[PDB]
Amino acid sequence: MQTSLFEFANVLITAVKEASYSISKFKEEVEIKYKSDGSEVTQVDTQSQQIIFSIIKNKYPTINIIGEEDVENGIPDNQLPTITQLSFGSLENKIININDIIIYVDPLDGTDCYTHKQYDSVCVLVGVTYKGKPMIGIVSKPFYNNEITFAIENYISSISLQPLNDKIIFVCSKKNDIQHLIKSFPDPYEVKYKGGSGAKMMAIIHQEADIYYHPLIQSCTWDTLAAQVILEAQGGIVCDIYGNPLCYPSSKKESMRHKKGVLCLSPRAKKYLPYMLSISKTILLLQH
C-alpha cells in the first residue's frame, strides 16, 4: 500500500532514462502503423512505453498508469536496468500511498516529428498526480543527449535557461498558426514555429518562449502533465484557455483530451492572463 517518494522518483527516473536511451539508440528501419484516426505509431513508440510500464509495474504492480499507446508492461525483470539510488537535496522524503497515484505517459511525443527527422521536437513525458493533484513531472529529450528535466512539487532539477528575450515570444506549430488571433497583443512580441507539444512547453521552461496558446482540442493529459509540474514549479501557469485548471481523468476509459484547450505562461508572462482570457472569451471549442 505504501512507498517512499525517493524510491518512487528513482523508479520513474530510471524508467524514463531507459526509454529515452532506447529511442536515441535505435538504428533499425522504422515501421509506421496508422491508427484508425490517421495518427502515426511506430515500434519505437510502443517499445518505449513497454519499457516505462515494465520498470514501473515491476516495483508497483497495483499502480494506476495510463499511456498514449495500446501496450502495457510485460518486459521481464531480468532485462530491466536496476533502479537508481539518487537522493534529492533538501526535498523531504514522504511516505505515500500507491493507490493515490496516477501516472500519465507519452512514450514518444512528436511521433510525426520523429518520422520526419525533426528530432529536436521529440520528448518522453511522464507526469504524476497524487490525490488528483499534479505532483511530479519528468521530461526527456532523447536527441539532446538524453537530457532529463524534472520537478517534484515545488522542487526542480537543473535547467539551462536562454537569456530572456525582452520581446514576448509566442510559440505554436505552423498548422495551428494563431498569429492572427493575437494581433491586438499590448506589448512587443514574436511568433516562433515549433512542432511537438512537449517541445513547445519545454521551450517556455528553457525561456526560449513565453506563451503557448492552444485554443483547440488536440492535447491530451499525457501531453501536458509532465511539463505542467515543472513550469508551475518555476512560477509559470498552465490552465484552460478560460483560465481554469486542466482536468486529468483517472481512467483511460474516459476521454483523455483537454476539451477546453491549453494555455501556458512563463513566469513573467503571467501578467498577460487577463488579455488571453478576453481573447478566449468568445471561443466555443467543438470536437468530433
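Counting begins at 1, following the sequence as shown.
Annotation for 275-283 versus 262-270: the higher mean temperature factor (C-alpha) is found in 275-283. As recorded in the PDB entry, 248-256 is the stretch of 233-241 and 248-256 with the greater mean C-alpha temperature factor.
Looking at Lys200, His206, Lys192, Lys141, the one whose CA carries the top B-factor in the deposited record is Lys192. For the set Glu147, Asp177, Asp210, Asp109, the PDB entry puts the maximum C-alpha B factor at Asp177. Ranked by Cα temperature factor within the chain, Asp70 sits in the middle third according to the deposited record. In the PDB entry, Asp223 places in the lowest third of its chain by CA B-factor. Residue-level temperature factors show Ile32 in the highest third of its chain, judged at the C-alpha atom. For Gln118, the recorded CA temperature factor ranks within the highest third of the chain's modelled residues.
Sort the modelled residues of the chain by CA B factor and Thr129 lands in the lowest third.
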